[PDB]
Structure formats: structure tokens, C-alpha cells
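Visitor: Below: one structure in C-alpha cells.
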Amino acid sequence: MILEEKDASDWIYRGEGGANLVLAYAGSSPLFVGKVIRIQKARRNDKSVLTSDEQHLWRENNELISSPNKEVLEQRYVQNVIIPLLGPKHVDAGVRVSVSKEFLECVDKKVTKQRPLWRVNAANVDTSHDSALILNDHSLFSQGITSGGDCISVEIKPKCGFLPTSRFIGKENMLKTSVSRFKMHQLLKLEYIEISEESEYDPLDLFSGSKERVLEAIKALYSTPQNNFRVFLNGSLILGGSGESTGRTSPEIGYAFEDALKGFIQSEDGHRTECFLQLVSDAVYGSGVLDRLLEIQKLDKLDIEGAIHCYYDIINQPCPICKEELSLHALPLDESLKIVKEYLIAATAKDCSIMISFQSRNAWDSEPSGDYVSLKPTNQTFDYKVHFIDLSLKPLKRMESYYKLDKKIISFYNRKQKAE
Ligand SMILES: O=P(O)(O)O[C@H]1[C@H](OP(=O)(O)O)[C@@H](OP(=O)(O)O)[C@H](OP(=O)(O)O)[C@@H](OP(=O)(O)O)[C@H]1OP(=O)(O)O
Ligand SMILES: Nc1ncnc2c1ncn2[C@@H]1O[C@H](COP(=O)(O)OP(=O)(O)O)[C@@H](O)[C@H]1O
Ligand SMILES: [Pb+2]
Ligand SMILES: [Pb+2]
Ligand SMILES: [Zn+2]
């Protein structure tokens, strides 16, 4: 009920986003076996729980606005906003837990060394929170170690899988119409020395509903995981960046990963990787869990270039974009809230990741799961579960920047295009 300083030694690095630092449990209180603990970071970058405007916007959802702390905020967002929309099956809201400041200071220091320096430069554990999330550790197949034996699990951060169709995209940005944001964004990150080569992954393939472009995408992901692909053997990273995007999959890494699957994917040395990929493909496509996610993403109906206007209507600032639509600004406040609301939900949808956890089917289940892929090649039936993670609520103020970022993206992509 309260994690104290001595508990710190029981949690071990697992990874981090920009916002939270996630530790896997290494101790043995039934309380925490198979759980991860998600700890909010204090960005020196960004500087109660909800702003004025935000209370307005999330008004529909009172449970949100009357939240004591940010931990409890996420929880309710996930529980009341996300779940009805994504289903409770594959989403879990987390269980709050009290933490002492010492514990957090303690954990922070204990893991510093395993964190990417740039992450550290950017934020630490926000030692002023009294709360933290305990989640199930989806890199292990099911909650209470009755282990159905080993578990390979794969995290994918799909990002956005569709092209805008909006009536509100500038004349110069019409390219957003053709080229996925992911692909356009690569060029910039590359420019900002945030990645070391363009990724081969195209979300359009992943979300395309085409079994075959889906496989294509999984292969991309494998080749250039950046921050989009990770693979855990029993809770241990065996492919992908640790709390950051990683580099192209060299032969050295490739080999390590190949080696890492022995026994789980039961094929000839050097063939487990292609089987595993195929396996991953079939679980994703067959589960059709993507479509549902996509539906949420598509709640960005008008595109930042659309939504951005509503933002300013909502925060009661004159619109900086229009200078000296006849259309969007004619919207009842009520209608505008909706649009901006759904935008931020779509935001969430766009940046979450799926984890799929694998396991050799087990002819002892008290109820035979309904999800399994059957690997032709190796004649192995795997059971899988899907879950969505990192379903954060996006700060309303962020609309300003969403706009500028997106503007930046499209302009730089246009510039590099003119290079003909
Ligand atoms: O630090 P990064 O590895 O680049 O990850 C960030 C981060 O996502 P996570 O922190 O959940 O990984 C941003 O979210 P914050 O954590 O900063 O709140 C998210 O920004 P939004 O979700 O607000 O859009 C952003 O994605 P994007 O570049 O689409 O803004 C994404 O960067 P990449 O996904 O591009 O790496
Ligand atoms: N429920 C979970 N089970 C296993 N690993 C997780 C879970 N949640 C997060 N992680 C690991 O921690 C990473 C970062 O946590 P995340 O929730 O993405 O924080 P942020 O959103 O701040 O980046 C995830 O990509 C994943 O590798
Ligand atoms: Pb994340
Ligand atoms: Pb996040
Ligand atoms: Zn406007």
C-alpha cells in the first residue's frame, strides 16, 4: 500500500516514454509479481491536475475533472474514455499505489545509469507525486505466474495509420494528402539527429487490412525498430531501444535476436526470425485489433489544420491562424469542444503501443483461449493476447504545438521535395 525506500531495490529498468519511467518488478510479493510500475517524470521541459480550459473540455466526464492527482487522472481517462472505445478486453487501467518521496528519489538514482542520457537530461521521476501506477507486465503472458511457460512479447508503436482527407489542409500542405505523417516526420528527426536513417516502416501498410502489407510492415519494423518496435523474452528486452528509439538492426543484433528465440519459435537456426515475424503478422492481422485502434485515430476528422481553429475558439483567444474558416468558427462552442476533444483522443490513439504476448498453446487450459495463430512452417499453435499501453491524456495546451510541429514537418518535407 506504501512503497518505501527499501522496496526500490526490487524494481528494475524496463524503459521510458517522454512522460513516464516504467520499472519491472523483480521481487516476490504476490502483490507485484507480473506487474510493472509506471512512474511519472518531471520534465524540466514542461512547467491543479487539470487546467481551466481542460476542465471545460473534459466537462462531459466529471470523474476526470475532479481528480486529486495526475496518476488518478490517467486512470479515469483510460477507464472512462478509452475503454468504452477500445474495449476492456485489451486495455487495463492500472491500480494506483502510494509511494514515498524517498522511494522515488531512490528509484530515480538506482536506474539513472540504465537510462539514455538524453532522457535524463530531459526529465526525472517527479518526486512530488504520492502516487504511481501498477500495471500488469504484459511481457509476461497472464497475471499470476501460473506460467504457461515462456513468453515472447512484442510491443508496436504504430503511430498514425491514415492520410488526412480534410477540406482544411492548406494549398501547400496538400502533400499531407499523399504521404503519411510518419514518413514525412522521419526526414525531420533525421535532420534533428534523432535517428540515424529513415525507417522502413509505413503505418499505411500496417493498418491497411492487407495480411500481406501487414507482414511487410512487421518486417520493416524489425529492420528499423527506431522507437516503434521492441521484443521481450520474459520481460527482458531482446530487440529495440531501451527507453529510446534504436538504430537499424545490424547483423550482430539480428544474430542476438535469432539466438534469443530458440525453443520458442521452433525452427532451424536462422529461420526463427522469419517465422517469428510471420507469426507476429498473423496475430496482428487475425486479431484485427488495429482496425479498432484506427477508428479512434480517425477521430482526428478535420486534421490539425482543421482542429487548430476550434482550439482557439475553445480557449477564447482570437484565432492567430486566420489573419486580416467562415466555416469552423461558426460552430457552436458545443460542437467545437467535441472536435478538439476527439482530436486529443485521436492523439492518444496515435501514440499508444500494442503489446502482443505469445505462448505455445497448452492442451491443459480450463477454457481454450480463442486467439491463437498456427504457424504453418513450424506446426506450432501459439496463443496470443493483445493489450494497449501508454494511453496518456494529452494536455490541451498542446494543440498550439501540434500545429507548429505539423507545420514544420510539412514545410521541411516540401522543401526536400523541391530537391528534384
Ligand atoms: O520521446 P519520443 O520517443 O520521441 O516519444 C514521443 C512521445 O511519446 P511517448 O513519450 O509516449 O513515447 C510524445 O508523447 P509525450 O511522451 O512527449 O507526451 C509523442 O507526442 P504526442 O503523443 O504528444 O504527439 C511523440 O509523438 P509525435 O512525434 O507524434 O508528437 C513521440 O515522438 P515519436 O513517436 O515521433 O518518437
Ligand atoms: N503494461 C506494460 N507492460 C510491459 N511493458 C510496458 C507496459 N507499459 C509500458 N511498458 C514499457 O515501458 C515503455 C514506456 O512506457 P510508456 O507507458 O510508453 O511511457 P511513456 O508513454 O511516457 O513513453 C513501453 O514502451 C513498454 O516498453
Ligand atoms: Pb510510449
Ligand atoms: Pb506517453
Ligand atoms: Zn481560425
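The residue numbers of chain A are those assigned by Swiss-Prot, with the residues present covering 3-49, 59-335, 342-437 sequentially.
Determined via X-ray crystallography, 3.2 Å.
Using the three backbone atoms N, Cα and C, a Cβ is placed for every residue, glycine included.
Swiss-Prot feature annotations, pasted as is:
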type    : residues                                                                : note
BINDING : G19, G20, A21, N22, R40, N147, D148, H149, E166, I167, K168, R241, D407 : ATP binding site
BINDING : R45, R130, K170, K200, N238, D368, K411, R415, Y419                     : substrate binding site
MOTIF   : 166-170                                                                 : motif 'EXKPK motif'
BINDING : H320, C330, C333, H346                                                  : Zn(2+) binding site
Visitor: Given a 10 Å Cβ-Cβ cut-off, pick out the one of the binding-site residues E166, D407 that has the most other Cβ atoms nearby.
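Guide: Checking each of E166, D407, the winner is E166.
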Visitor: Under DSSP, the motif 'EXKPK motif' (166-170) has how many residues in helix, strand and coil?
Guide: 0 helix, 2 strand, 3 coil
Visitor: Do you have the Cα distance in Å for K49 and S59? The stretch of 9 residues between them isn't modelled.
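Guide: It comes to 12 Å between the two flanking Cα atoms.
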Visitor: Here's one to test understanding: among the binding-site residues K170, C330, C333, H346, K411, whose C-alpha is closest in space to the C-alpha of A21 (ATP binding site)?
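Guide: Its closest listed neighbour, by Cα, is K411.
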Visitor: Quick check: of the binding-site residues listed here (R40, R45, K168, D407, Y419), which one has the Cα closest to that of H320 (Zn(2+) binding site)?
Guide: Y419
Visitor: A 10 Å Cβ contact count, applied to the binding-site residues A21, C330, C333: which residue has the minimum?
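Guide: Least crowded of the binding-site residues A21, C330, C333, by Cβ count within 10 Å, is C333.
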Visitor: Would you identify which of the binding-site residues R40, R45, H346 has the most other C-beta atoms lying within 10 angstroms of its C-beta?
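Guide: Max Cβ neighbours within 10 Å, all protein chains included: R40.
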Visitor: In the deposited model, 6 residues lying between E335 and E342 are absent; what is the Cα-Cα distance separating these two residues, in Å, to the nearest whole number?
Guide: 12
Visitor: Please compare the binding-site residues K170, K411 by how many other CB atoms fall within 10 Å of each one's CB, and tell me which has the fewest.
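Guide: Counting other Cβ atoms within 10 Å of each of the binding-site residues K170, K411 gives the minimum at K411.
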Visitor: List, in residue order, those binding-site residues out of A21, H320, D407 with a Cβ under 6 Å from any atom belonging to ligand 3.
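Guide: Only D407 qualify.
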